[PDB]
$ cat start_27.csv   # CSV, C-alpha atoms and all ligand atoms
chain,number,residue,atom,x,y,z
A,1,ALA,CA,0.0,0.0,0.0
A,2,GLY,CA,0.9,3.7,-0.4
A,3,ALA,CA,1.8,6.3,-2.9
A,4,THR,CA,4.5,8.6,-1.6
A,5,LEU,CA,4.6,12.4,-1.3
A,6,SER,CA,7.0,13.9,-3.9
A,7,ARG,CA,10.2,15.4,-2.5
A,8,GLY,CA,10.5,18.3,-4.9
A,9,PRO,CA,9.5,21.8,-3.8
A,10,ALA,CA,6.7,23.4,-5.9
A,11,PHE,CA,8.9,26.4,-6.4
A,12,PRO,CA,12.6,25.6,-5.5
A,13,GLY,CA,13.9,29.1,-6.1
A,14,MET,CA,11.7,30.5,-3.4
A,15,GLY,CA,13.3,28.0,-1.1
A,16,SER,CA,15.4,30.8,0.5
A,17,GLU,CA,13.7,32.8,3.3
A,18,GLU,CA,15.6,35.9,2.3
A,19,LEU,CA,14.3,35.6,-1.2
A,20,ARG,CA,10.8,35.0,0.1
A,21,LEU,CA,11.1,38.2,2.1
A,22,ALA,CA,11.9,40.2,-1.1
A,23,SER,CA,8.6,39.2,-2.6
A,24,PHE,CA,6.8,41.1,0.2
A,25,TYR,CA,8.2,44.5,-1.0
A,26,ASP,CA,4.6,45.5,-2.0
A,27,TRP,CA,2.8,43.6,0.9
A,28,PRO,CA,-0.2,46.0,1.3
A,29,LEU,CA,-0.7,48.7,4.0
A,30,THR,CA,-4.2,47.3,4.9
A,31,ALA,CA,-2.6,43.9,5.3
A,32,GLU,CA,-2.5,42.8,8.9
A,33,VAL,CA,0.3,40.2,9.3
A,34,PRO,CA,4.1,41.0,9.1
A,35,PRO,CA,6.0,39.6,6.1
A,36,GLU,CA,8.7,38.2,8.4
A,37,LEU,CA,6.3,35.8,10.1
A,38,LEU,CA,4.9,34.9,6.6
A,39,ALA,CA,8.3,34.3,5.0
A,40,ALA,CA,9.5,32.3,7.9
A,41,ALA,CA,6.6,29.9,7.6
A,42,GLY,CA,7.5,29.3,3.9
A,43,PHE,CA,5.1,31.6,2.2
A,44,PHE,CA,6.0,34.1,-0.5
A,45,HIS,CA,3.8,36.9,-1.9
A,46,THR,CA,2.0,36.6,-5.3
A,47,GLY,CA,-0.3,39.0,-7.1
A,48,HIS,CA,-0.9,42.5,-5.7
A,49,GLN,CA,-3.3,41.9,-2.8
A,50,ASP,CA,-2.6,39.6,0.1
A,51,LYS,CA,-2.3,36.2,-1.6
A,52,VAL,CA,0.6,34.0,-0.6
A,53,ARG,CA,1.7,30.5,-1.5
A,54,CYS,CA,4.1,28.0,0.2
A,55,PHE,CA,7.3,27.5,-1.8
A,56,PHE,CA,7.1,23.8,-1.0
A,57,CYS,CA,3.5,22.6,-0.9
A,58,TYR,CA,2.2,25.5,-3.0
A,59,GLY,CA,-0.7,26.0,-0.4
A,60,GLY,CA,-2.4,29.3,-1.2
A,61,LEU,CA,-3.8,31.6,1.4
A,62,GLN,CA,-5.3,35.1,1.6
A,63,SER,CA,-7.5,37.4,3.7
A,64,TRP,CA,-4.8,37.7,6.4
A,65,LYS,CA,-6.0,39.3,9.7
A,66,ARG,CA,-4.4,40.7,12.9
A,67,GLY,CA,-3.4,37.8,15.1
A,68,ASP,CA,-3.5,35.1,12.4
A,69,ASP,CA,-0.5,32.8,12.8
A,70,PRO,CA,1.2,31.8,9.5
A,71,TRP,CA,2.7,28.6,11.0
A,72,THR,CA,-0.7,27.7,12.4
A,73,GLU,CA,-2.6,28.5,9.2
A,74,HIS,CA,0.0,26.3,7.5
A,75,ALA,CA,-0.7,23.3,9.7
A,76,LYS,CA,-4.5,24.0,9.5
A,77,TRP,CA,-4.6,23.9,5.7
A,78,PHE,CA,-1.6,21.9,4.4
A,79,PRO,CA,-0.8,19.3,7.1
A,80,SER,CA,1.3,17.2,4.8
A,81,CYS,CA,3.7,19.9,3.6
A,82,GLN,CA,7.2,18.6,4.1
A,83,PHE,CA,8.6,22.0,4.8
A,84,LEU,CA,6.0,22.5,7.6
A,85,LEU,CA,6.9,19.2,9.1
A,86,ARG,CA,10.7,19.6,9.1
A,87,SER,CA,10.4,23.0,10.6
A,88,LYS,CA,7.7,22.5,13.3
A,89,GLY,CA,7.6,18.7,13.8
A,90,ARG,CA,4.9,15.9,13.8
A,91,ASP,CA,3.4,16.9,17.2
A,92,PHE,CA,2.8,20.6,16.3
A,93,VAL,CA,0.9,19.7,13.1
A,94,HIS,CA,-1.1,16.9,14.8
A,95,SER,CA,-1.9,19.4,17.5
A,96,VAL,CA,-3.5,21.9,15.0
A,97,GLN,CA,-5.3,19.3,13.1
A,98,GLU,CA,-7.0,17.8,16.2
A,99,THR,CA,-8.5,21.2,17.1
A,101,ZN,ZN,3.8,24.2,2.7

$ encode --input "start_27.csv" --output "structure tokens" --more "lines below"
Ligand SMILES: [Zn+2]
Amino acid sequence: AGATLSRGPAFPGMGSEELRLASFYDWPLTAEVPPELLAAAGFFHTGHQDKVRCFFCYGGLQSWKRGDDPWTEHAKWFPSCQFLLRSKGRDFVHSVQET
């Protein structure tokens, strides 16, 4: 039994946090979450509003709000993302999924 998750990042170039940060150069004024937290959690900015995607799983999120936790949102929506699991561990993800 079992297909395996592919090991290739959706967008390998955006694999660098520093590079991910650059993408937030036009992260909007009305946006409510800081790019540092976003880039750290693997997201980079696309489009001109508040859409982001994870460089690894390509999970796409928008409508960011004051207090929203990027790492948490990550585990909420894309539990199997290998970047999320290497960075935060099995327990953290399981913890967010179970609530
Ligand atoms: Zn991801």

$ residues_near_ligand --input "start_27.csv" --ligand "ligand ZN 101 (chain A)" --cutoff "9 Å" --atoms "only C-alpha atoms and all ligand atoms" --output "list in words"
residues 9, 41, 42, 43, 53, 54, 55, 56, 57, 58, 59, 60, 74, 75, 77, 78, 79, 80, 81, 82, 83, 84 and 85 of chain A

$ closest_residue --input "start_27.csv" --among "A:76, A:45, A:51, A:88" --to "residue 23 in chain A" --atoms "only C-alpha atoms"
A:45

$ atom_distance --input "start_27.csv" --atom1 "CA of residue 22 in chain A" --atom2 "CA of residue 44 in chain A"
8.5 Å

$ residues_around --input "start_27.csv" --residues "range 35-39 of chain A" --least-positions-apart "4" --cutoff "9 Å" --atoms "only C-alpha atoms" --output "VMD selection string"
chain A and resid 17 to 21 24 to 25 27 43 to 45 52 54 69 to 71

$ write_last_selection --input "start_27.csv" --atoms "C-alpha atoms" --output "PDB file, keeping the file's coordinate frame"
ATOM      1  CA  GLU A  17      13.700  32.800   3.300  1.00  0.00           C
ATOM      2  CA  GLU A  18      15.600  35.900   2.300  1.00  0.00           C
ATOM      3  CA  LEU A  19      14.300  35.600  -1.200  1.00  0.00           C
ATOM      4  CA  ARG A  20      10.800  35.000   0.100  1.00  0.00           C
ATOM      5  CA  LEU A  21      11.100  38.200   2.100  1.00  0.00           C
ATOM      6  CA  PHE A  24       6.800  41.100   0.200  1.00  0.00           C
ATOM      7  CA  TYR A  25       8.200  44.500  -1.000  1.00  0.00           C
ATOM      8  CA  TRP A  27       2.800  43.600   0.900  1.00  0.00           C
ATOM      9  CA  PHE A  43       5.100  31.600   2.200  1.00  0.00           C
ATOM     10  CA  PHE A  44       6.000  34.100  -0.500  1.00  0.00           C
ATOM     11  CA  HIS A  45       3.800  36.900  -1.900  1.00  0.00           C
ATOM     12  CA  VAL A  52       0.600  34.000  -0.600  1.00  0.00           C
ATOM     13  CA  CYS A  54       4.100  28.000   0.200  1.00  0.00           C
ATOM     14  CA  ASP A  69      -0.500  32.800  12.800  1.00  0.00           C
ATOM     15  CA  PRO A  70       1.200  31.800   9.500  1.00  0.00           C
ATOM     16  CA  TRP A  71       2.700  28.600  11.000  1.00  0.00           C
TER      17      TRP A  71
END

$ atom_distance --input "start_27.csv" --atom1 "CA of residue 40 in chain A" --atom2 "CA of residue 89 in chain A"
14.9 Å

$ atom_distance --input "start_27.csv" --atom1 "CA of residue 63 in chain A" --atom2 "CA of residue 50 in chain A"
6.5 Å

$ residues_near_point --input "start_27.csv" --point "(-3.2, 45.7, 8.1)" --cutoff "12 Å" --atoms "all atoms listed in the file" --output "list in words"
residues 27, 28, 29, 30, 31, 32, 33, 34, 35, 49, 50, 63, 64, 65, 66, 67 and 68 of chain A

$ decode --input "start_27.csv" --residues "chain A" --atoms "C-alpha atoms" --output "PDB file, in the first residue's frame"
ATOM      1  CA  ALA A   1       0.000   0.000   0.000  1.00  0.00           C
ATOM      2  CA  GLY A   2       0.871   3.660  -0.429  1.00  0.00           C
ATOM      3  CA  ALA A   3       1.776   6.339  -2.919  1.00  0.00           C
ATOM      4  CA  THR A   4       4.537   8.588  -1.601  1.00  0.00           C
ATOM      5  CA  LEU A   5       4.604  12.384  -1.307  1.00  0.00           C
ATOM      6  CA  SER A   6       6.992  13.862  -3.876  1.00  0.00           C
ATOM      7  CA  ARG A   7      10.167  15.413  -2.487  1.00  0.00           C
ATOM      8  CA  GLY A   8      10.483  18.328  -4.906  1.00  0.00           C
ATOM      9  CA  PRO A   9       9.491  21.834  -3.784  1.00  0.00           C
ATOM     10  CA  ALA A  10       6.676  23.370  -5.874  1.00  0.00           C
ATOM     11  CA  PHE A  11       8.942  26.397  -6.446  1.00  0.00           C
ATOM     12  CA  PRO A  12      12.605  25.591  -5.474  1.00  0.00           C
ATOM     13  CA  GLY A  13      13.918  29.117  -6.145  1.00  0.00           C
ATOM     14  CA  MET A  14      11.686  30.549  -3.400  1.00  0.00           C
ATOM     15  CA  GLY A  15      13.314  28.021  -1.053  1.00  0.00           C
ATOM     16  CA  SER A  16      15.354  30.848   0.478  1.00  0.00           C
ATOM     17  CA  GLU A  17      13.651  32.788   3.308  1.00  0.00           C
ATOM     18  CA  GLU A  18      15.617  35.906   2.340  1.00  0.00           C
ATOM     19  CA  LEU A  19      14.305  35.619  -1.245  1.00  0.00           C
ATOM     20  CA  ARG A  20      10.773  34.962   0.088  1.00  0.00           C
ATOM     21  CA  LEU A  21      11.067  38.214   2.062  1.00  0.00           C
ATOM     22  CA  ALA A  22      11.937  40.204  -1.079  1.00  0.00           C
ATOM     23  CA  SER A  23       8.565  39.193  -2.616  1.00  0.00           C
ATOM     24  CA  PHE A  24       6.805  41.113   0.188  1.00  0.00           C
ATOM     25  CA  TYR A  25       8.217  44.463  -1.047  1.00  0.00           C
ATOM     26  CA  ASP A  26       4.642  45.454  -1.952  1.00  0.00           C
ATOM     27  CA  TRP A  27       2.782  43.621   0.851  1.00  0.00           C
ATOM     28  CA  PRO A  28      -0.195  45.977   1.321  1.00  0.00           C
ATOM     29  CA  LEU A  29      -0.730  48.688   3.971  1.00  0.00           C
ATOM     30  CA  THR A  30      -4.211  47.338   4.880  1.00  0.00           C
ATOM     31  CA  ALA A  31      -2.629  43.856   5.268  1.00  0.00           C
ATOM     32  CA  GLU A  32      -2.470  42.845   8.927  1.00  0.00           C
ATOM     33  CA  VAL A  33       0.295  40.211   9.305  1.00  0.00           C
ATOM     34  CA  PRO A  34       4.062  40.984   9.121  1.00  0.00           C
ATOM     35  CA  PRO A  35       6.002  39.561   6.108  1.00  0.00           C
ATOM     36  CA  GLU A  36       8.748  38.225   8.430  1.00  0.00           C
ATOM     37  CA  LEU A  37       6.315  35.793  10.059  1.00  0.00           C
ATOM     38  CA  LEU A  38       4.938  34.914   6.622  1.00  0.00           C
ATOM     39  CA  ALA A  39       8.335  34.303   4.974  1.00  0.00           C
ATOM     40  CA  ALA A  40       9.543  32.284   7.948  1.00  0.00           C
ATOM     41  CA  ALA A  41       6.554  29.927   7.574  1.00  0.00           C
ATOM     42  CA  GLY A  42       7.505  29.267   3.927  1.00  0.00           C
ATOM     43  CA  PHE A  43       5.107  31.646   2.204  1.00  0.00           C
ATOM     44  CA  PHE A  44       6.003  34.123  -0.500  1.00  0.00           C
ATOM     45  CA  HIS A  45       3.795  36.874  -1.930  1.00  0.00           C
ATOM     46  CA  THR A  46       2.017  36.557  -5.311  1.00  0.00           C
ATOM     47  CA  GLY A  47      -0.293  38.997  -7.078  1.00  0.00           C
ATOM     48  CA  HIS A  48      -0.860  42.497  -5.732  1.00  0.00           C
ATOM     49  CA  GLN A  49      -3.311  41.896  -2.829  1.00  0.00           C
ATOM     50  CA  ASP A  50      -2.625  39.602   0.120  1.00  0.00           C
ATOM     51  CA  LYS A  51      -2.310  36.204  -1.592  1.00  0.00           C
ATOM     52  CA  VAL A  52       0.613  33.990  -0.563  1.00  0.00           C
ATOM     53  CA  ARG A  53       1.729  30.453  -1.528  1.00  0.00           C
ATOM     54  CA  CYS A  54       4.066  28.049   0.219  1.00  0.00           C
ATOM     55  CA  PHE A  55       7.271  27.525  -1.765  1.00  0.00           C
ATOM     56  CA  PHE A  56       7.116  23.790  -0.996  1.00  0.00           C
ATOM     57  CA  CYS A  57       3.490  22.582  -0.923  1.00  0.00           C
ATOM     58  CA  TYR A  58       2.165  25.542  -2.960  1.00  0.00           C
ATOM     59  CA  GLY A  59      -0.652  25.967  -0.440  1.00  0.00           C
ATOM     60  CA  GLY A  60      -2.377  29.272  -1.220  1.00  0.00           C
ATOM     61  CA  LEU A  61      -3.817  31.603   1.426  1.00  0.00           C
ATOM     62  CA  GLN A  62      -5.328  35.099   1.552  1.00  0.00           C
ATOM     63  CA  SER A  63      -7.546  37.354   3.735  1.00  0.00           C
ATOM     64  CA  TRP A  64      -4.841  37.679   6.396  1.00  0.00           C
ATOM     65  CA  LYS A  65      -5.989  39.262   9.680  1.00  0.00           C
ATOM     66  CA  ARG A  66      -4.434  40.708  12.866  1.00  0.00           C
ATOM     67  CA  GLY A  67      -3.398  37.822  15.106  1.00  0.00           C
ATOM     68  CA  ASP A  68      -3.459  35.100  12.397  1.00  0.00           C
ATOM     69  CA  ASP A  69      -0.522  32.764  12.820  1.00  0.00           C
ATOM     70  CA  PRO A  70       1.220  31.779   9.546  1.00  0.00           C
ATOM     71  CA  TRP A  71       2.709  28.555  10.970  1.00  0.00           C
ATOM     72  CA  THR A  72      -0.724  27.663  12.423  1.00  0.00           C
ATOM     73  CA  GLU A  73      -2.586  28.471   9.188  1.00  0.00           C
ATOM     74  CA  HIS A  74       0.032  26.298   7.460  1.00  0.00           C
ATOM     75  CA  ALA A  75      -0.740  23.258   9.657  1.00  0.00           C
ATOM     76  CA  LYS A  76      -4.472  23.968   9.457  1.00  0.00           C
ATOM     77  CA  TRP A  77      -4.619  23.860   5.653  1.00  0.00           C
ATOM     78  CA  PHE A  78      -1.595  21.904   4.397  1.00  0.00           C
ATOM     79  CA  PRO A  79      -0.846  19.287   7.084  1.00  0.00           C
ATOM     80  CA  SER A  80       1.339  17.151   4.818  1.00  0.00           C
ATOM     81  CA  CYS A  81       3.696  19.929   3.608  1.00  0.00           C
ATOM     82  CA  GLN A  82       7.213  18.553   4.133  1.00  0.00           C
ATOM     83  CA  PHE A  83       8.604  22.046   4.776  1.00  0.00           C
ATOM     84  CA  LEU A  84       6.042  22.537   7.560  1.00  0.00           C
ATOM     85  CA  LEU A  85       6.914  19.172   9.133  1.00  0.00           C
ATOM     86  CA  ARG A  86      10.709  19.591   9.052  1.00  0.00           C
ATOM     87  CA  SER A  87      10.352  23.035  10.601  1.00  0.00           C
ATOM     88  CA  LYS A  88       7.663  22.509  13.253  1.00  0.00           C
ATOM     89  CA  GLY A  89       7.555  18.727  13.793  1.00  0.00           C
ATOM     90  CA  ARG A  90       4.944  15.943  13.824  1.00  0.00           C
ATOM     91  CA  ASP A  91       3.409  16.945  17.193  1.00  0.00           C
ATOM     92  CA  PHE A  92       2.753  20.590  16.271  1.00  0.00           C
ATOM     93  CA  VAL A  93       0.880  19.675  13.072  1.00  0.00           C
ATOM     94  CA  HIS A  94      -1.117  16.893  14.785  1.00  0.00           C
ATOM     95  CA  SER A  95      -1.948  19.432  17.512  1.00  0.00           C
ATOM     96  CA  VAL A  96      -3.450  21.938  15.036  1.00  0.00           C
ATOM     97  CA  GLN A  97      -5.331  19.253  13.054  1.00  0.00           C
ATOM     98  CA  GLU A  98      -6.963  17.786  16.181  1.00  0.00           C
ATOM     99  CA  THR A  99      -8.547  21.161  17.112  1.00  0.00           C
TER     100      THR A  99
END
